[PDB]
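The data block below is query.pdb; it holds PDB, C-alpha atoms.
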```
ATOM      1  CA  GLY U   1      -8.088  18.147   3.076
ATOM      2  CA  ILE U   2      -7.681  14.582   4.366
ATOM      3  CA  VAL U   3     -11.348  13.620   3.780
ATOM      4  CA  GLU U   4     -11.247  14.744   0.135
ATOM      5  CA  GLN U   5      -7.890  13.001  -0.406
ATOM      6  CA  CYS U   6      -8.376   9.791   1.592
ATOM      7  CA  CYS U   7     -12.134   9.217   1.939
ATOM      8  CA  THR U   8     -13.758  10.584  -1.240
ATOM      9  CA  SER U   9     -10.729   9.354  -3.211
ATOM     10  CA  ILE U  10      -8.016   6.712  -2.696
ATOM     11  CA  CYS U  11      -5.659   7.404   0.209
ATOM     12  CA  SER U  12      -1.869   6.916   0.159
ATOM     13  CA  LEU U  13       0.946   6.538   2.688
ATOM     14  CA  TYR U  14       2.484   9.731   1.299
ATOM     15  CA  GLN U  15      -0.726  11.658   2.077
ATOM     16  CA  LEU U  16      -1.355  10.067   5.500
ATOM     17  CA  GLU U  17       2.178  10.811   6.745
ATOM     18  CA  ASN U  18       1.521  14.515   6.124
ATOM     19  CA  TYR U  19      -0.885  14.364   9.101
ATOM     20  CA  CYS U  20       1.532  12.801  11.623
ATOM     21  CA  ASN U  21       3.058  15.189  14.187
TER      22      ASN U  21
ATOM     23  CA  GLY F   1      -0.369  14.920  28.360
ATOM     24  CA  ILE F   2      -3.385  12.921  27.156
ATOM     25  CA  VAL F   3      -1.772   9.503  27.810
ATOM     26  CA  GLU F   4      -0.929  10.391  31.424
ATOM     27  CA  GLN F   5      -4.410  11.872  31.969
ATOM     28  CA  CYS F   6      -6.590   9.396  30.059
ATOM     29  CA  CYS F   7      -4.631   6.131  29.772
ATOM     30  CA  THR F   8      -2.505   5.838  32.934
ATOM     31  CA  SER F   9      -5.364   7.430  34.900
ATOM     32  CA  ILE F  10      -9.136   7.813  34.420
ATOM     33  CA  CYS F  11     -10.146   9.994  31.470
ATOM     34  CA  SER F  12     -12.944  12.596  31.487
ATOM     35  CA  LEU F  13     -15.066  14.454  28.936
ATOM     36  CA  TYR F  14     -13.578  17.712  30.224
ATOM     37  CA  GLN F  15     -10.054  16.457  29.436
ATOM     38  CA  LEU F  16     -10.915  14.869  26.062
ATOM     39  CA  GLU F  17     -12.618  18.029  24.757
ATOM     40  CA  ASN F  18      -9.343  19.907  25.290
ATOM     41  CA  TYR F  19      -7.955  17.885  22.347
ATOM     42  CA  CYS F  20     -10.733  18.680  19.838
ATOM     43  CA  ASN F  21      -9.904  21.314  17.195
TER      44      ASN F  21
ATOM     45  CA  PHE N   1     -17.603   5.584  27.361
ATOM     46  CA  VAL N   2     -15.237   8.437  28.360
ATOM     47  CA  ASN N   3     -14.932   7.940  32.126
ATOM     48  CA  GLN N   4     -12.431   5.087  32.096
ATOM     49  CA  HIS N   5      -8.832   4.245  31.216
ATOM     50  CA  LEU N   6      -8.473   4.773  27.473
ATOM     51  CA  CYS N   7      -5.275   3.719  25.709
ATOM     52  CA  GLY N   8      -4.086   3.438  22.105
ATOM     53  CA  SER N   9      -6.846   2.854  19.549
ATOM     54  CA  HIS N  10      -9.394   3.069  22.409
ATOM     55  CA  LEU N  11      -8.333   6.656  23.212
ATOM     56  CA  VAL N  12      -8.223   7.676  19.546
ATOM     57  CA  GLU N  13     -11.752   6.222  19.124
ATOM     58  CA  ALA N  14     -13.042   8.212  22.117
ATOM     59  CA  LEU N  15     -11.563  11.415  20.650
ATOM     60  CA  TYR N  16     -13.179  10.605  17.281
ATOM     61  CA  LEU N  17     -16.599  10.097  18.915
ATOM     62  CA  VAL N  18     -16.459  13.101  21.284
ATOM     63  CA  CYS N  19     -14.942  15.625  18.883
ATOM     64  CA  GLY N  20     -17.075  14.856  15.798
ATOM     65  CA  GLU N  21     -16.723  17.233  12.828
ATOM     66  CA  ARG N  22     -14.268  19.424  14.802
ATOM     67  CA  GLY N  23     -11.696  16.640  14.611
ATOM     68  CA  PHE N  24      -8.896  16.362  17.141
ATOM     69  CA  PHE N  25      -5.192  16.066  17.742
ATOM     70  CA  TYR N  26      -3.618  12.943  19.222
ATOM     71  CA  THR N  27      -0.225  13.754  20.716
ATOM     72  CA  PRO N  28       0.869  10.720  22.826
ATOM     73  CA  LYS N  29       4.362  12.129  23.403
TER      74      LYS N  29
ATOM     75  CA  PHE A   1      -4.230  -1.041   4.518
ATOM     76  CA  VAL A   2      -3.562   2.575   3.418
ATOM     77  CA  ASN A   3      -4.184   2.396  -0.338
ATOM     78  CA  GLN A   4      -7.976   2.496  -0.264
ATOM     79  CA  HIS A   5     -10.915   4.746   0.593
ATOM     80  CA  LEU A   6     -10.693   5.455   4.317
ATOM     81  CA  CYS A   7     -13.529   7.284   6.069
ATOM     82  CA  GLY A   8     -14.462   8.110   9.665
ATOM     83  CA  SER A   9     -13.115   5.681  12.268
ATOM     84  CA  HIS A  10     -11.355   3.786   9.434
ATOM     85  CA  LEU A  11      -9.285   6.875   8.527
ATOM     86  CA  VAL A  12      -8.528   7.704  12.165
ATOM     87  CA  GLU A  13      -7.384   4.073  12.666
ATOM     88  CA  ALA A  14      -5.064   4.277   9.638
ATOM     89  CA  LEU A  15      -3.531   7.499  11.005
ATOM     90  CA  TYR A  16      -3.079   5.824  14.413
ATOM     91  CA  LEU A  17      -1.303   2.829  12.833
ATOM     92  CA  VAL A  18       0.888   4.797  10.387
ATOM     93  CA  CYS A  19       1.887   7.638  12.705
ATOM     94  CA  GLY A  20       2.697   5.585  15.834
ATOM     95  CA  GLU A  21       4.335   7.451  18.738
ATOM     96  CA  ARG A  22       4.425  10.688  16.679
ATOM     97  CA  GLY A  23       0.643  10.890  16.911
ATOM     98  CA  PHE A  24      -1.392  12.800  14.356
ATOM     99  CA  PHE A  25      -3.996  15.443  13.717
ATOM    100  CA  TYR A  26      -7.421  14.618  12.299
ATOM    101  CA  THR A  27      -8.985  17.707  10.745
ATOM    102  CA  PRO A  28     -12.042  16.555   8.700
ATOM    103  CA  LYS A  29     -13.200  20.125   8.045
TER     104      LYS A  29
END
```
Please express the file's structure as structure tokens.
Amino acid sequence: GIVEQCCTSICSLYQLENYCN
Amino acid sequence: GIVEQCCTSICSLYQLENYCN
Amino acid sequence: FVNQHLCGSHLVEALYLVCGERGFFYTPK
Amino acid sequence: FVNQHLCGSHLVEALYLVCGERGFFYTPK
């Protein structure tokens, strides 16, 4: 999930936008 | 929603907990 | 910290702190 | 600000800033 993708590895705008409503 | 209840008026723990998963 | 007016990053922070490992949803609209 | 390791309040802040009026969901588990 987000923690694995953005905390334990480098985040990206592409990934973050997947969590906007 | 949350903005009306917690920003434009005084928030509460009861209200905030309704937005936890 | 929860029994006040909480807006923007302040509200999101309160949700973060209250909800912990559960996480939360922030739906301003 | 998004192309780094973002954890806890730092990640929630990034979501807040990116997502704007849409809002977001933070689901750490």
Test item: chain N residues at most 10 Å from chain U, counting only C-alpha atoms, as JSON, numbers by chain: {"N": [25, 26, 27, 28, 29]}
Evaluating the PyMOL selection byres ((chain A and resi 16) around 10) on the displayed file yields which residues, as a compact mmCIF listing (two decimals) with C-alpha atoms, keeping the file's coordinate frame?
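Produced file selection36.txt, reproduced below:
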```txt
# COMPACT_ATOMS: atom_id res chain seq x y z
CA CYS U 20 1.53 12.80 11.62
CA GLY N 8 -4.09 3.44 22.10
CA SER N 9 -6.85 2.85 19.55
CA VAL N 12 -8.22 7.68 19.55
CA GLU N 13 -11.75 6.22 19.12
CA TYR N 26 -3.62 12.94 19.22
CA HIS A 10 -11.36 3.79 9.43
CA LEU A 11 -9.28 6.88 8.53
CA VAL A 12 -8.53 7.70 12.16
CA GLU A 13 -7.38 4.07 12.67
CA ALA A 14 -5.06 4.28 9.64
CA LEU A 15 -3.53 7.50 11.00
CA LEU A 17 -1.30 2.83 12.83
CA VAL A 18 0.89 4.80 10.39
CA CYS A 19 1.89 7.64 12.70
CA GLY A 20 2.70 5.58 15.83
CA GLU A 21 4.34 7.45 18.74
CA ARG A 22 4.42 10.69 16.68
CA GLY A 23 0.64 10.89 16.91
CA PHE A 24 -1.39 12.80 14.36
CA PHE A 25 -4.00 15.44 13.72
```
Kindly list the centre and edge lengths in Å, rounded to one decimal, for the axis-aligned box that covers all listed atoms of segment 8-24 of chain N plus 8 Å on each of its six sides, as AutoDock Vina command-line options.
```
--center_x -10.6 --center_y 11.1 --center_z 18.0 --size_x 29.0 --size_y 32.6 --size_z 26.4
```
